[PDB]
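> Here is the sequence, then the experimental structure:
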Amino acid sequence: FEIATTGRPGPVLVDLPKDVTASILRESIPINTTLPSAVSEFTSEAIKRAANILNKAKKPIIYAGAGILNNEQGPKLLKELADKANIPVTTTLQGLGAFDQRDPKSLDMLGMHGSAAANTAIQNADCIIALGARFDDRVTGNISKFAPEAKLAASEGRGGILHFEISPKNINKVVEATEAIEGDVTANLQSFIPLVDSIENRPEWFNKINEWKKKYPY
Amino acid sequence: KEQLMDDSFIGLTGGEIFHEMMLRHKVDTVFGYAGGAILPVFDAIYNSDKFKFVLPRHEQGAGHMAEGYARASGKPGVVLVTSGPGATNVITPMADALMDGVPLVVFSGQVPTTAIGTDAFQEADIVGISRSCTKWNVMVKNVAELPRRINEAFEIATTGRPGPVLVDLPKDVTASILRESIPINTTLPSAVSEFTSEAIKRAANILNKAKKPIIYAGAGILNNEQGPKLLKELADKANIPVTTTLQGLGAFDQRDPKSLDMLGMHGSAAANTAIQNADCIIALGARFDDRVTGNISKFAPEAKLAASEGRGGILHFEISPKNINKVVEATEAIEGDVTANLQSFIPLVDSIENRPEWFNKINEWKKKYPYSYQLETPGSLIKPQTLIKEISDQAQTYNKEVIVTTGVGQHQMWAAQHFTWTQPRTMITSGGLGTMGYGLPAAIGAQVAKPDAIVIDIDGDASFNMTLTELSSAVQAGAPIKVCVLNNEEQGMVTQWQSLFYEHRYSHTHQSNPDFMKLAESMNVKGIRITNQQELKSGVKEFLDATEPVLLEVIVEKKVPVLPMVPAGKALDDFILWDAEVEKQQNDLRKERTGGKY
Amino acid sequence: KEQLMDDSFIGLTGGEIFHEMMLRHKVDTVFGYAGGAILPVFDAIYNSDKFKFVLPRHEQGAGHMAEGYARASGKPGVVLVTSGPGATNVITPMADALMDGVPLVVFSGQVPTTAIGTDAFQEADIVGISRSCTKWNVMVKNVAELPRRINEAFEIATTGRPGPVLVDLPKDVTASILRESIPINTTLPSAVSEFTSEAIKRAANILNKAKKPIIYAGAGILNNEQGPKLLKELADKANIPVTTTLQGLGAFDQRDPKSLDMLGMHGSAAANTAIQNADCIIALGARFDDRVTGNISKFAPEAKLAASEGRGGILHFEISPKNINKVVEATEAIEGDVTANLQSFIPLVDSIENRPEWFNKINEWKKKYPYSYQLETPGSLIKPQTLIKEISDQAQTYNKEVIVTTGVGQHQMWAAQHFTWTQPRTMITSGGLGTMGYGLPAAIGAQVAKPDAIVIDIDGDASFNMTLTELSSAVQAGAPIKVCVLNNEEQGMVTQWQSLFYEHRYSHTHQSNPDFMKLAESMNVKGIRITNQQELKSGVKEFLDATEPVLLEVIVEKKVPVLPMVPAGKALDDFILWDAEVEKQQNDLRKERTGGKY
Ligand SMILES: Cc1cc2nc3c(=O)[nH]c(=O)nc-3n(C[C@H](O)[C@H](O)[C@H](O)COP(=O)(O)OP(=O)(O)OC[C@H]3O[C@@H](n4cnc5c(N)ncnc54)[C@H](O)[C@@H]3O)c2cc1C
Ligand SMILES: Cc1cc2nc3c(=O)[nH]c(=O)nc-3n(C[C@H](O)[C@H](O)[C@H](O)COP(=O)(O)OP(=O)(O)OC[C@H]3O[C@@H](n4cnc5c(N)ncnc54)[C@H](O)[C@@H]3O)c2cc1C
Ligand SMILES: Cc1cc2nc3c(=O)[nH]c(=O)nc-3n(C[C@H](O)[C@H](O)[C@H](O)COP(=O)(O)OP(=O)(O)OC[C@H]3O[C@@H](n4cnc5c(N)ncnc54)[C@H](O)[C@@H]3O)c2cc1C
Ligand SMILES: Cc1ncc(Cn2c(C)c(CCOP(=O)(O)OP(=O)(O)O)sc2=O)c(N)n1
Ligand SMILES: Cc1ncc(Cn2c(C)c(CCOP(=O)(O)OP(=O)(O)O)sc2=O)c(N)n1
Ligand SMILES: COC(=O)c1ccccc1S(=O)(=O)NC(=O)Nc1nc(C)cc(C)n1
Ligand SMILES: COC(=O)c1ccccc1S(=O)(=O)NC(=O)Nc1nc(C)cc(C)n1
Ligand SMILES: [K+]
Ligand SMILES: [K+]
Ligand SMILES: [Mg+2]
Ligand SMILES: [Mg+2]
């Protein structure tokens, strides 16, 4: 139960021999086995650096996935970040419902069969905030051609990819993260958001986004 | 909740937690070798006065030392090595320990978790590689679970059939500091079933019918201090002859009239004859290895007949279910620790005063089947059999325990045959895997375990060559081991098979030897060389009288077969025996075929 | 049908078929050690005049010898060992060969098929154990498929990225006789894609835009005879500076003005600076190992910027898809043999006469970043850096090829730094796994491959201790290797890290050494000891002038760090440089902390 529900959740199997389940316990066992069950300095610095990067961004976008759903406060904090820094939000297939699609900031689903508005936005963003999503090949398109503007921004020290991910295996697996924030995305968002500058308007960026949404309906 | 959680380790590094857990597991000796990945652990144990650290020259040395330590002491042997080549170098000792049931706990450094799976610097997939030669292994993924994994390692290594385990320690884990409380049960080290009780009663009834019983005792009886005592009690009560495996040597006092000595391929023909004719075989902590059974379909004909007629059979006292009914069908299987089960078994066994006919046969067999061989002749080299006898006789006269380790080959078999074995855990030899090079490091480990014992490594020249660098390790560790190299200038065991099966075609079985006396001198070890018969006695005395590490080289006769021998595919009582005339004819044939070269 | 089947092997044993297939694969050397399970093969190769057999003292020796042979010759190194411990003893060399891309074909004896899975005598699950450290392995299950498996082994070992393979040979298979015809294709050994062609054209266009190109060349360029030639042709045509990995040393003539020497953790600060500032990186047969890249996220900032701006980036010529985009994203990946692809690449590359600004910077960097160190002072010990220079200078004056092998540690890095590398396959060192003990057996293997070469093993004292028994093997094989032991009486590389990161707490990093001169004498090897500055020149000359196996011991300064150094986690251009005053302060601090002990 512990392994199944911690880190990235997943399946576990327990094999039960018939003679074991039929047998009777004849001895005492450690009482800790009869019962079910701070942020690192390194991650804290990563978060501060990530905040500074976002505070420079002129064309940010949130790329949110299933990971944000693994905490009850997930969607709430996603919305709080998007509202505070004025950021458009796109989600994966598995992230659908994490963000209210009736919100003007919603770019709908991205990917192979996602909105062309969302796909255009992520290809032109200078800062990508990846929240509990693993850059699957249904989402990225041609990997070498993925997120050109964010990669340029990273190289020029004015943006890049900020990856909030709980599983080390999925950090820098597909694309290089400019800053990797390891751990539960929701918990790390609580530390992240107060370091993020509040922003009232992004006239040019949201002008483009509204234009794209207009020309790319389903 | 506060009662069940422990915060006493908070603030410590993984390395420091390792150190503390060694203490709690009563580890008094660690064998190891440093390296980059394991540095946080080595920093933690820096100048520790809580255990002795033993440094080899090679990690294989550390492994075999820890094995020797484990078998001499009955404690787990602890190994501490670095990542990559440090870890892969312990693979042979791990496989060795698995085959011989040796409790080995190997701690291997590993590259940081962030670098695993990238083909990193000095990264080996040691968990993958060591999977087939460990009871269990694991990679610690965070410092909070490190005490638990250490507990599990020691528990698994020392319970059931003892064996090796490996714990992989990522550098960033051992360097990291515990910031959270952990379950207090993880900070601390650690009735007979109705079914087994009935098996024991049935087994007793079977033995009480037997007219020709025999005890077949192995290494398992040595895994309890009362083992040999209860073995003797059973043998005395029911009046039963006792034979042992190579690994069981010392479990039974061979000076006892009931002793049938060692059985098997190179065991006593008396023992082999007895087991083939017994109507009840009591297997005590032995696994019916193929060196022991001979042709399996032809093994124990009388016991199988007795079983079918409900008047005997095979009674197998075995702790590991995997080895029950693996090779031969047990008439009754008694699962669990053999010593504990013997306590329940013996009071159900009828006391017996005499077995006139059975022991008449056994005494006749012992009389006609001694370990005969061709004695020295005027001008001849020392016979290796005679050398072993000399060492055995002289060693017994000291008021100290005598522990023997060996290499692998003819010298090993001759050591088994011609020593008189009387005490438990005094034969420390590689039997299952049969690793050449085992002798010297095992001796060092045994000597560290038993500082007051005389420790003798009966070694072959080829075997000794494999790991001779560890001589410097003995000196640095202050272990006054006694190495005797039987120098026949050949890989004798292989040449024996080449003589017998390949018409004296000795294919690459003669390695060149260094000057062993100059070698010993270079290693700061005392050197003794015995070259002729007239130096044997005084040379061996100087060897045993030495109070420092000492290397004895003895020039012995070449191309001499180990006999008796049960060739592969033959029944256990279908043996080759020593014959003076046959040996001479063999010498002539070998001389002609090799043009006088051998 | 008769045309497609072959009956010419009918009547032969598996062993004899093995012998024939070695011939057909042009095997001229086998490294191995006998044992029970592999006897049918050894009987078959008995007194063969078709190849040279080399007998070590330990199977690890055989493995590392075969590696040294393979890297000197460009042929696969063939190993022949027995079951159990014979096979498990080759695990470290196999893992070593995998990490360094060495074509190793290991043949291991195995217990009869009838005994497999019974925990038989000397049975190891070597197929299971060696799975993670071989490209491929297999157990031959009948003699009819033996030629096929041998073909597959050699093919897999030598194609793609070269690496080790293991073939398990059950005793009853090799002893059995082929009674049936087999497909004649199994009795015999063995265009660029549209996609790659376009990649090459795109890569050429990218390079033709570059203002600050650099070539990053590795071991892959050595796997084709024309490799170094085409590397030079590219560098000359487009006027490009060249840096190499440790394993690429010798691929480019370091006397060339375009040479930036070695890059990486202990590479030239000039090379490290250049790659961090280059706008186009041409990776030729190199895998971006973590010893080379430094902090990966901070690696090659200018090339990544150039890529994003469409005016440069990383051009990766790599044969193994697994190593493409594994560590860093390639701007263009050119899959296949680098040498073959260079033939298509170069004619598309614009010829360039001058790069004034770029080469001005490079010359400035080379000037300010030599391999500086603290020179000898009156009465001081010989500096290890000076020793390497002396050997390099004197060795170059003979009219023979000079091949260098090393152990692992500081001596290895100093060898890399201070030799002048000019010829392909002259640096034979354990880089990926980093196996101590590699130096001596590798030298023997290289010497057998190249009988007319001067072969020098630059070894550490701790490393040499691991496998020093193989000195007798060199003598028996008639291999006049030259071993130089840099005796600093310490595990120097580890003490460097303990000095730097663990406040001079030297935890078990000082093994006791034997008397190396008496050792050499015991091994029937010439011995030379250099103890002071005044003996350096004449001692090294005697060392190189020797026409027999020779061991040179040199007493060198202790507690001297290898510099430059890029510490773990730091950017490649964030280096520690040698400074005379800092070294003195370090000496004072070390002296105080250790109470004058070190
Ligand atoms: C026919 C078809 C077409 C498809 N096309 C598309 C498409 O066009 N667009 C699209 O989006 N998908 C598409 N997919 C689905 C796609 O294959 C993936 O399943 C999906 O994109 C994955 O979304 P995800 O990364 O959000 O969820 P996941 O695959 O579950 O990844 C979640 C990531 O967040 C991490 N994480 C989990 N919990 C936490 C936590 N508490 N804190 C931090 N991190 C955490 C996980 O480790 C993981 O790395 C398609 C599927 C099919 C069958
Ligand atoms: C060249 C050579 C020749 C050899 N020839 C011979 C020979 O002629 N004769 C010979 O005897 N050996 C010979 N061997 C050794 C042989 O291969 C085996 O190693 C040996 O026979 C095994 O003895 P064993 O069964 O007593 O010990 P093990 O192999 O350790 O088996 C012990 C058994 O007892 C069980 N056990 C362990 N602990 C307990 C416990 N507490 N309670 C109950 N059961 C327990 C174990 O699970 C195991 O099943 C030779 C070896 C070599 C290298
Ligand atoms: C103590 C120590 C310190 C070290 N520090 C350094 C250092 O400072 N600098 C340094 O360079 N090394 C250092 N190393 C060595 C380092 O760990 C690696 O072994 C080395 O850098 C690898 O070099 P390589 O990539 O050229 O060779 P390899 O590891 O063999 O990689 C060769 C690459 O080329 C590919 N390839 C092979 N054949 C072909 C072909 N025909 N065509 C195309 N591609 C091919 C291979 O698939 C592989 O991807 C150190 C080692 C030790 C023990
Ligand atoms: C590491 C290893 N390699 C090979 C073998 C096979 N082998 C070999 C080569 C033996 C010959 C032993 O030679 P020795 O000199 O050490 O002893 P004897 O001459 O007394 O037989 S015994 C034996 O089983 C082995 N057991 N272990
Ligand atoms: C078999 C093995 N064990 C441990 C290590 C770890 N290790 C150790 C213990 C080194 C010290 C080398 O000592 P040396 O005397 O051979 O060379 P230097 O003193 O010149 O460094 S270097 C190194 O990487 C290793 N590389 N290989
Ligand atoms: C063992 O390597 C790794 O574990 C390792 C492997 C890959 C990445 C990072 C590391 S590390 O940074 O965590 N440790 C070292 O690099 N140790 C080390 N390296 C050298 C060259 C010499 C010595 C004494 N130690
Ligand atoms: C290696 O063992 C097996 O392969 C082996 C293993 C299990 C069963 C049968 C065999 S075997 O019959 O086919 N070969 C041998 O028994 N060889 C052998 N044994 C000794 C004791 C000494 C020497 C030199 N060779
Ligand atoms: K005896
Ligand atoms: K150089
Ligand atoms: Mg011998
Ligand atoms: Mg040294």
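Everything's here; your move. Numbering: from 1, shown residues only, chains lettered A, B, ... in the order given. Ligands and ions are numbered 1, 2, ... in the order given.

> ok, the closest residue to residue A:27 other than its chain neighbours - how many residues close by?
Spatially, and ignoring its direct neighbours in sequence, residue A:27 is nearest to residue B:191 (7.8 Å; C-beta to C-beta, 6 or more residues apart in numbering or on different chains). Every C-beta, even on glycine, is put in place using the N, C-alpha and C of the backbone. As a burial measure, residue B:191 scores 6 neighbours (other C-beta atoms under 10 Å in any protein chain shown).

> and residue B:191, which of the three is it?
The assignment at residue B:191 comes out as coil when based on DSSP: H, G, I helix; E, B strand; the rest coil.

> Who are the contact partners of the residue nearest the centre of chain A?
What sits nearest the mean C-alpha location of chain A, by C-alpha atoms, centre = their mean, is residue A:131, with 1.1 Å. Taking C-beta atoms under 8 Å, 6 or more residues apart in numbering or on different chains, we find residue A:131 in contact with A:62-65, A:67-68, A:78, A:164, A:185, A:189.

> repeat that with 7 Å
A:62-65, A:67-68, A:78, A:164, A:185 (C-beta atoms under 7 Å, 6 or more residues apart in numbering or on different chains).

> possible to save the residues you listed as CSV with distance to ligand 10?
Below are those laid out as CSV (distance: C-beta to the ion, whole Å):
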residue, distance to ligand 10
A:62, 74
A:63, 70
A:64, 72
A:65, 67
A:67, 65
A:68, 70
A:78, 75
A:164, 66
A:185, 66
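
> As TSV, those residues with distance to ligand 1 would be great.
Output for the contacts of residue A:131, formatted as TSV (distance: C-beta to the nearest ligand atom, whole Å):
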residue	distance to ligand 1
A:62	12
A:63	9
A:64	7
A:65	2
A:67	3
A:68	7
A:78	12
A:164	6
A:185	4
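
> which two in those residues are spaced the farthest apart?
A:62 and A:67 (12.5 Å; C-beta to C-beta).

> Just the closest residue of chain A to ligand 5, please.
residue A:168 (25.7 Å; C-beta to the nearest ligand atom).

> Hmm, that residue is touching residue A:183, no?
No - contact criterion C-beta atoms under 7 Å: residue A:168 and residue A:183 do not qualify, at 10.2 Å.

> Can I get stretch A:180-193 in PDB, CA atoms only?
What follows is stretch A:180-193, C-alpha atoms only, in PDB (Å, rounded to 0.1, in the frame of the first residue of the first chain):
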ATOM      1  CA  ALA A 180      13.900  20.700 -11.800                       C
ATOM      2  CA  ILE A 181      11.800  20.900  -8.700                       C
ATOM      3  CA  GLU A 182      11.600  17.400  -7.200                       C
ATOM      4  CA  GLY A 183       8.700  16.300  -5.000                       C
ATOM      5  CA  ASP A 184       4.900  16.700  -4.800                       C
ATOM      6  CA  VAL A 185       4.000  19.500  -7.200                       C
ATOM      7  CA  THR A 186       1.200  20.800  -4.900                       C
ATOM      8  CA  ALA A 187       3.400  21.100  -1.900                       C
ATOM      9  CA  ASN A 188       6.200  22.800  -3.900                       C
ATOM     10  CA  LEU A 189       3.700  25.200  -5.400                       C
ATOM     11  CA  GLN A 190       3.000  26.500  -1.900                       C
ATOM     12  CA  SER A 191       6.600  27.500  -1.600                       C
ATOM     13  CA  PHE A 192       6.800  28.600  -5.300                       C
ATOM     14  CA  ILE A 193       3.900  31.000  -5.600                       C
END
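
> residues making contact with it?
By C-beta under 7 Å, 6+ apart, stretch A:180-193 touches A:39, A:43, A:46-47, A:50-51, A:67-68, A:71, A:73-74, A:77, A:80-81, A:84, A:131-132, A:162-166, A:168, A:171-172.

> mind redoing it with 8 Å?
A:39, A:43-44, A:46-47, A:50-51, A:67-68, A:70-71, A:73-74, A:77-78, A:80-81, A:84, A:131-132, A:162-166, A:168, A:171-172.

> before we move on, the earlier item: check the contacts of residue A:131 against ligand 11, which are close?
Restricting those to those touching ligand 11 (C-beta under 5 Å from the ion) yields no residues.

> restrict these to those near ligand 4?
Contacts with ligand 4 within the contacts of residue A:131, as defined by C-beta under 6 Å from any ligand atom: none are present.

> picking up where we left off before, can you tell me which residues contact the residue of chain A closest to ligand 5?
Neighbours of residue A:168 in contact, by C-beta under 8 Å, 6+ apart: A:182, B:113-114.

> Between those, which sits nearest ligand 2?
Closest to ligand 2, out of all of the contacts of residue A:168 and judged by C-beta to the nearest ligand atom, is residue B:113, at 35.7 Å.

> Make sure residue A:68 is actually in contact with residue A:75.
Yes - using C-beta atoms under 8 Å, residue A:68 is in contact with residue A:75, at 6.5 Å.

> intersection of neighbour lists for these two?
residue A:98.

> How about chain A: which residue is closest to ligand 4?
Closest point on chain A to ligand 4, by C-beta to the nearest ligand atom, is residue A:15, at 37.6 Å.

> Please report phi then psi for that residue.
phi -90, psi 130 (degrees, to the nearest 10).

> Check the gap between it and ligand 3 for me.
Distance of residue A:15 to ligand 3, computed by C-beta to the nearest ligand atom, to the nearest Å: 40 Å.

> Kindly report the same for residue A:44.
Residue A:44 is 32 Å from ligand 3, by C-beta to the nearest ligand atom.

> Repeat that for residue A:176.
Residue A:176 is 19 Å from ligand 3, by C-beta to the nearest ligand atom.

> so what's that residue up against?
So residue A:176 contacts A:161, C:297, C:329 (C-beta under 8 Å, 6+ apart).

> Ok, residue A:64 next?
A:78, A:89-92, A:95, A:98-99, A:131-133.

> go again using 10 Å as the cut-off
A:74-75, A:78, A:81-82, A:89-92, A:94-96, A:98-99, A:110, A:129-133, A:164, A:185 (C-beta atoms under 10 Å, 6 or more residues apart in numbering or on different chains).

> cool, residue A:141 as well?
A:110-112, A:119, A:122-123, A:147.

> what touches both of residue A:62 and residue A:67?
With C-beta under 10 Å, 6+ apart, residue A:62 and residue A:67 have common neighbours A:98, A:130-131, A:133.

> Farthest-apart pair in those, please.
Across the shared contacts of residue A:62 and residue A:67 (C-beta to C-beta), the longest gap, 13.0 Å, separates A:98 and A:130.

> Need the residues touching each of the two.
A:62, A:64-65, A:67.
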